[PDB]
$ cat query-v9.pdb   # PDB, N, CA and C atoms
ATOM      1  N   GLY U   1       0.806  -1.206   0.000
ATOM      2  CA  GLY U   1       0.000   0.000   0.000
ATOM      3  C   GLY U   1       0.843   1.261   0.000
ATOM      4  N   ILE U   2       1.704   1.395  -1.002
ATOM      5  CA  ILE U   2       2.570   2.562  -1.112
ATOM      6  C   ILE U   2       1.773   3.854  -0.969
ATOM      7  N   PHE U   3       1.056   4.220  -2.027
ATOM      8  CA  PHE U   3       0.248   5.435  -2.019
ATOM      9  C   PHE U   3      -0.803   5.382  -0.914
ATOM     10  N   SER U   4      -1.033   4.186  -0.381
ATOM     11  CA  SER U   4      -2.016   3.999   0.680
ATOM     12  C   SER U   4      -1.361   4.106   2.053
ATOM     13  N   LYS U   5      -0.054   4.350   2.061
ATOM     14  CA  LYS U   5       0.693   4.477   3.307
ATOM     15  C   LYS U   5      -0.015   5.421   4.272
ATOM     16  N   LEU U   6      -0.480   6.552   3.752
ATOM     17  CA  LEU U   6      -1.177   7.539   4.569
ATOM     18  C   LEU U   6      -2.582   7.060   4.922
ATOM     19  N   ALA U   7      -3.139   6.203   4.073
ATOM     20  CA  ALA U   7      -4.476   5.665   4.297
ATOM     21  C   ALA U   7      -4.464   4.606   5.394
ATOM     22  N   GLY U   8      -3.434   3.766   5.389
ATOM     23  CA  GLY U   8      -3.325   2.719   6.388
ATOM     24  C   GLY U   8      -2.738   3.220   7.692
ATOM     25  N   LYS U   9      -2.070   4.367   7.635
ATOM     26  CA  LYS U   9      -1.457   4.956   8.821
ATOM     27  C   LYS U   9      -2.476   5.766   9.614
ATOM     28  N   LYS U  10      -3.303   6.526   8.904
ATOM     29  CA  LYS U  10      -4.326   7.347   9.541
ATOM     30  C   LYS U  10      -5.348   6.478  10.267
ATOM     31  N   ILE U  11      -5.798   5.421   9.600
ATOM     32  CA  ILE U  11      -6.775   4.511  10.183
ATOM     33  C   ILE U  11      -6.253   3.902  11.480
ATOM     34  N   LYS U  12      -4.942   3.700  11.548
ATOM     35  CA  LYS U  12      -4.314   3.128  12.733
ATOM     36  C   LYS U  12      -3.692   4.219  13.599
ATOM     37  N   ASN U  13      -3.770   5.458  13.128
ATOM     38  CA  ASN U  13      -3.213   6.591  13.861
ATOM     39  C   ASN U  13      -4.061   6.914  15.087
ATOM     40  N   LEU U  14      -5.211   6.258  15.195
ATOM     41  CA  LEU U  14      -6.114   6.475  16.320
ATOM     42  C   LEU U  14      -5.589   5.791  17.578
ATOM     43  N   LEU U  15      -5.109   4.562  17.421
ATOM     44  CA  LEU U  15      -4.575   3.800  18.544
ATOM     45  C   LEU U  15      -3.335   4.477  19.120
ATOM     46  N   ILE U  16      -2.444   4.917  18.239
ATOM     47  CA  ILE U  16      -1.219   5.584  18.660
ATOM     48  C   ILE U  16      -1.508   6.985  19.187
ATOM     49  N   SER U  17      -2.693   7.498  18.868
ATOM     50  CA  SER U  17      -3.092   8.830  19.307
ATOM     51  C   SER U  17      -3.832   8.763  20.640
ATOM     52  N   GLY U  18      -4.625   7.711  20.817
ATOM     53  CA  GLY U  18      -5.378   7.548  22.048
ATOM     54  C   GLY U  18      -4.633   6.719  23.076
ATOM     55  N   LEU U  19      -3.465   6.213  22.694
ATOM     56  CA  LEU U  19      -2.654   5.398  23.591
ATOM     57  C   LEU U  19      -1.903   6.272  24.591
ATOM     58  N   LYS U  20      -0.855   6.937  24.117
ATOM     59  CA  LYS U  20      -0.054   7.809  24.968
ATOM     60  C   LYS U  20      -0.778   9.126  25.233
ATOM     61  N   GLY U  21      -1.716   9.466  24.354
ATOM     62  CA  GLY U  21      -2.467  10.698  24.512
ATOM     63  C   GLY U  21      -3.632  10.550  25.470
TER      64      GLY U  21
END
$ encode --input "query-v9.pdb" --output "structure tokens"
Amino acid sequence: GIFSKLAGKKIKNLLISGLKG
């Protein structure tokens, strides 16, 4: 998912955002 890197990262950016945050 090259061009989808941002697509697969954002969807999982919630866990890393609600984890330490």
$ select_by_dssp --input "query-v9.pdb" --residues "chain U" --states "alpha helix (DSSP H)" --output "PyMOL selection string"
chain U and resi 5-19
$ write_last_selection --input "query-v9.pdb" --atoms "N, CA and C atoms" --output "PDB file, in the coordinates of the input"
ATOM      1  N   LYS U   5      -0.054   4.350   2.061  1.00  0.00           N
ATOM      2  CA  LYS U   5       0.693   4.477   3.307  1.00  0.00           C
ATOM      3  C   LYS U   5      -0.015   5.421   4.272  1.00  0.00           C
ATOM      4  N   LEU U   6      -0.480   6.552   3.752  1.00  0.00           N
ATOM      5  CA  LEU U   6      -1.177   7.539   4.569  1.00  0.00           C
ATOM      6  C   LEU U   6      -2.582   7.060   4.922  1.00  0.00           C
ATOM      7  N   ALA U   7      -3.139   6.203   4.073  1.00  0.00           N
ATOM      8  CA  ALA U   7      -4.476   5.665   4.297  1.00  0.00           C
ATOM      9  C   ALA U   7      -4.464   4.606   5.394  1.00  0.00           C
ATOM     10  N   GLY U   8      -3.434   3.766   5.389  1.00  0.00           N
ATOM     11  CA  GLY U   8      -3.325   2.719   6.388  1.00  0.00           C
ATOM     12  C   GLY U   8      -2.738   3.220   7.692  1.00  0.00           C
ATOM     13  N   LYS U   9      -2.070   4.367   7.635  1.00  0.00           N
ATOM     14  CA  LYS U   9      -1.457   4.956   8.821  1.00  0.00           C
ATOM     15  C   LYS U   9      -2.476   5.766   9.614  1.00  0.00           C
ATOM     16  N   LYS U  10      -3.303   6.526   8.904  1.00  0.00           N
ATOM     17  CA  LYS U  10      -4.326   7.347   9.541  1.00  0.00           C
ATOM     18  C   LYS U  10      -5.348   6.478  10.267  1.00  0.00           C
ATOM     19  N   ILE U  11      -5.798   5.421   9.600  1.00  0.00           N
ATOM     20  CA  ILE U  11      -6.775   4.511  10.183  1.00  0.00           C
ATOM     21  C   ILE U  11      -6.253   3.902  11.480  1.00  0.00           C
ATOM     22  N   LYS U  12      -4.942   3.700  11.548  1.00  0.00           N
ATOM     23  CA  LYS U  12      -4.314   3.128  12.733  1.00  0.00           C
ATOM     24  C   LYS U  12      -3.692   4.219  13.599  1.00  0.00           C
ATOM     25  N   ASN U  13      -3.770   5.458  13.128  1.00  0.00           N
ATOM     26  CA  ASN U  13      -3.213   6.591  13.861  1.00  0.00           C
ATOM     27  C   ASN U  13      -4.061   6.914  15.087  1.00  0.00           C
ATOM     28  N   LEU U  14      -5.211   6.258  15.195  1.00  0.00           N
ATOM     29  CA  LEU U  14      -6.114   6.475  16.320  1.00  0.00           C
ATOM     30  C   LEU U  14      -5.589   5.791  17.578  1.00  0.00           C
ATOM     31  N   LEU U  15      -5.109   4.562  17.421  1.00  0.00           N
ATOM     32  CA  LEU U  15      -4.575   3.800  18.544  1.00  0.00           C
ATOM     33  C   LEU U  15      -3.335   4.477  19.120  1.00  0.00           C
ATOM     34  N   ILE U  16      -2.444   4.917  18.239  1.00  0.00           N
ATOM     35  CA  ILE U  16      -1.219   5.584  18.660  1.00  0.00           C
ATOM     36  C   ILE U  16      -1.508   6.985  19.187  1.00  0.00           C
ATOM     37  N   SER U  17      -2.693   7.498  18.868  1.00  0.00           N
ATOM     38  CA  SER U  17      -3.092   8.830  19.307  1.00  0.00           C
ATOM     39  C   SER U  17      -3.832   8.763  20.640  1.00  0.00           C
ATOM     40  N   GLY U  18      -4.625   7.711  20.817  1.00  0.00           N
ATOM     41  CA  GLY U  18      -5.378   7.548  22.048  1.00  0.00           C
ATOM     42  C   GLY U  18      -4.633   6.719  23.076  1.00  0.00           C
ATOM     43  N   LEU U  19      -3.465   6.213  22.694  1.00  0.00           N
ATOM     44  CA  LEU U  19      -2.654   5.398  23.591  1.00  0.00           C
ATOM     45  C   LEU U  19      -1.903   6.272  24.591  1.00  0.00           C
TER      46      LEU U  19
END
$ axis_aligned_box --input "query-v9.pdb" --around "range 4-9 of chain U" --padding-each-side "8 Å" --output "AutoDock Vina command-line options"
--center_x -1.9 --center_y 5.1 --center_z 4.6 --size_x 21.2 --size_y 20.8 --size_z 26.0
$ atom_distance --input "query-v9.pdb" --atom1 "atom C of residue 2 in chain U" --atom2 "CA of residue 18 in chain U"
24.4 Å
$ atom_distance --input "query-v9.pdb" --atom1 "atom C of residue 9 in chain U" --atom2 "atom N of residue 21 in chain U"
15.2 Å
